[PDB]
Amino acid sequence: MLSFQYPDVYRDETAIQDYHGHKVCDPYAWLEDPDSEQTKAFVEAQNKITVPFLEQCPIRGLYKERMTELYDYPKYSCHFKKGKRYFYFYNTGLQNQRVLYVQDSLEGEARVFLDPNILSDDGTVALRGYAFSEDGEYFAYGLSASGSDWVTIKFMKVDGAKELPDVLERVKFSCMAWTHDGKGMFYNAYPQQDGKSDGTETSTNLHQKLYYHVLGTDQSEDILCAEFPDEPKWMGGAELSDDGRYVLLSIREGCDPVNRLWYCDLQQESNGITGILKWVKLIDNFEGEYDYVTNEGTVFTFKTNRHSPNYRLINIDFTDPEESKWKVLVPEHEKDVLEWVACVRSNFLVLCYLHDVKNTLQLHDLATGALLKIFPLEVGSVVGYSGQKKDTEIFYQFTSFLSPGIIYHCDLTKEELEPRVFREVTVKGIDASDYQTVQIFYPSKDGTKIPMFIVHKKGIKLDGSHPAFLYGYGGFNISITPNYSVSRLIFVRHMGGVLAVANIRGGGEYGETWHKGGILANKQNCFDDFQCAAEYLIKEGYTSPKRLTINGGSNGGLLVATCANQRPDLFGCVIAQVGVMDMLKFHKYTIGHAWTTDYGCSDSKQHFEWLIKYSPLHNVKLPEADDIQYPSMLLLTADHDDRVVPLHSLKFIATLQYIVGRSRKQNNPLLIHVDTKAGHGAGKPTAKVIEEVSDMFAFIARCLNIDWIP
């Protein structure tokens, strides 16, 4: 099967670092330089073996054809009103980028407002963030190129879709918040740095500042409103209160759901926004999250996890701000996580809960917190919403494993509420009645019950004969909830597979306690949980190790890579997308310093001792047993992934190929593909998405020798 040779890759045997008395050799450290001829040549040599391997068998083209056909369905966002007009996103089916439309009424003719497709030949310029002025007459939007986190902000006048001269550079991880006087907008920027800032660099991002841009001026005139020069990792994002009176500053340091919350009463500024604002440091620590919902005068409603790991709503009165005085508007639930909250039609709240990994949606009274109405939903996720305080209606979008999506609408001016289907699309070719979704709870090593969704064809025999695709993430308070994936349903229908999603610890599925169960000293719980999900699928007869593929991205790429090292006997195939692989060095690059809240940092002996045990780069080892080799492995990354710098995958693949790939018993391939004009994934154009899933499933099909089922 392996009619190629791995490229020769220089080992710098002098690259040795002492970590608290533990010597670590890093012979591929040179791959950390993305601009070197050595690194470029490495990437070319790797792509030269991977691409023909993936393209060789007709199955890739069969998959690509079916993906192109089945993914070709109309895709809408929720409608949202801004000022006098309605907006929505829409993709006719296979456009590289969805397009923003505008209409003067719900019943009126729609026209194109912003079409990112016309900004590049290949769909590699994408919208990344936007904000309308409070009156809806002006529009700011971020553009990213080739999938980088870097943003350029541009501006338009809404009436006539007129491009304006204003351009803001050096924007990354930024807020966008207009003052209600319409004069200008808050945003974030980084100071100038040596080298490139295009997404190919690895330079750490520090000293983010908060600026205010006056519309009709040059960026060089922008006002500095907040900075933290003694705290280079702090990031202060601004929003205006719903009445326009207060700027709320949420300061973050790291990825934990916590923030400082300062405010500026804009009426108290001596002469408008002229410099550093008169911040009042309401919550001046990182002990809890305070997410603004709405205010009525000085009474501010926040969603919080302060002493409430499943989240709750509190009211803080700025005129009586001591914690003993806060009112608990909607108390914490014993098990269900309050995921997000919105205020609509002045005095309603819309609360979205997660109940055993499925969403529910409720309308409550702002004054008392009392439940008023349950919006009925099938089992799945709410993935879109609109309805702000001054608006009188809501839209929300529902999705599930088997359903592409339904957008509902509810007119909240009516005495009796009747939510109605507003938009629905059906994908022909995937008959949902042929399949089922089950949720089970399996015990992990330590006895904790972990949820898992399993999607499969109705009536299958549990005889271990089916290929399986088991997905996980496990970190950062991210909940892995049901979603419609044509790419995975093709695996089910056309490759006879079983899909599984394990809700392992580190995620947000059971609130902050679930997240803390998968971080820092307890990160190994993630891996144990995931290995146990695989063991369940095998024991219960869904699959067998040789037919099992595991997949994850980013922190989920770390997940599957670590699992490959720890239990190579459990998996036939491993696809790690944009994975964090070097756990000793991740904090040195771009925004990686922010991840130490989930991982720790190797500068601490205590943390090093956790990290060294599971770091994928540092745990590649030939299996002791003669009959065990590594699973087939494919790493996918891209040359502008400035979220997870691609050196992680480059150094990992070099290590896998040298330590394991050179062994006579290893016959499963260990490959990397590095894409061009792409990044971590957000904003990836449709064409590239289709190529990527075609690569993934062709790899699975060839390695496992799975026949296509037309």
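Don't overthink the numbering: it's just position in the shown sequence, from 1.
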| property | result |
| --- | --- |
| Selected stretch [higher average CA B-factor]: 398-406 or 350-358 | 398-406 |
| 97-105 versus 173-181 - which carries the larger mean C-alpha B factor in the record | 97-105 |
| Largest Cα B-factor, entry values, listed residues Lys428, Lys516, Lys157, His593 | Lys428 |
| C-alpha B-factor winner, where the candidates are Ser663, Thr676, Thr50, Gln657 | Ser663 |
| CA B-factor placement of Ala161, once the chain's modelled residues are sorted into thirds | highest |
| Position of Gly61 among the chain's modelled residues by C-alpha B-factor, lowest, middle or highest third | highest |
| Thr68, C-alpha B-factor rank within chain (lowest, middle or highest third) | highest |
| Assigned third (lowest, middle, highest) for the C-alpha B factor of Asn667 | highest |
| Within-chain third of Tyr473 by Cα B-factor, per the entry | lowest |
